[PDB]
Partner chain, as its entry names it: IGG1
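In structure tokens, the next block holds one chain alone, the form deposited without its partner chain.
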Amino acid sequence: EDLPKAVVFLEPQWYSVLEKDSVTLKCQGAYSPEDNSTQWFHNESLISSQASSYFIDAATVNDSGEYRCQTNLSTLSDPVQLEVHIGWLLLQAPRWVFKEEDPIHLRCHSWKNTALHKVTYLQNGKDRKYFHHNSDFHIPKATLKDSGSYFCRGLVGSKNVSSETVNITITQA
């Protein structure tokens, strides 16, 4: 009989971002006629008390952590993690655990106002996909063979750069 708790969503979906990236935290919840305020929390600290969304214009490493929201009808949400990194490239995914059959969208994100070319996405040290100009790598339907350590690399100007690795787990069922 108890109403659903609030839910936090990130737009875009990437849980890890680079400093200077913009992130919008959205709160899915219900409001009563006399109180439509939304409360946002960053690691247990209150950060906002009215708007349904919390917009981070230019992320900093200090923004990393757990975020939760709530309304006066939808209770405290489970936490959503945001990781903020510093580097020329970042391999992004909407999550790090996928079920077999699931599509996997990876993005080799370059730092604000830089452009990457000759990009390769690698899995367990082996090339999985190459693009002459930076593009995303979509794995149609995940199999157990997709579990592993992923990273991407390419060129920004004449500088060879490589992202940190991201470990992806595929669960059965």
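Here, rigid core means the biggest group of C-alpha atoms that superpose within 1.5 Å across both forms. Numbering follows the first chain given and starts at 1.
One more form of this protein exists, namely the form deposited with its partner chain bound; it is left out here, but the text below deals with it.
For the chain shown alone, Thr114 is a contact residue for its partner chain in the bound PDB entry, at least one non-hydrogen atom being within 4.5 angstroms. Though the partner is left out of this view, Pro94 does not reach within 4.5 Å of its partner chain in the bound PDB entry, counting heavy atoms only. Interface residue remark: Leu76 is not counted as part of the site for its partner chain in the bound PDB entry, having no heavy atom within 4.5 Å. For the chain shown alone, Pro103 is not a contact residue for its partner chain in the bound PDB entry, no non-hydrogen atom being within 4.5 angstroms. Segments offered: 123 to 131, 58 to 66, 23 to 31, 45 to 53. Contacting its partner chain in the bound PDB entry at heavy atom distances within 4.5 Å is 123 to 131. Taking a 4.5 Å heavy atom cutoff to its partner chain in the bound PDB entry, the one contacting residue in 10 to 29 is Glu19. Superposed on the core, the two forms barely differ at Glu83: its CA moves less than 2 Å between this form and the one not shown.
With the core held fixed, the Cα of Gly148 is displaced between this form and the one not shown by 2 Å or more. Relative to the superposed rigid core, the position of the CA of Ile104 differs between this form and the one not shown by 2 Å or more.
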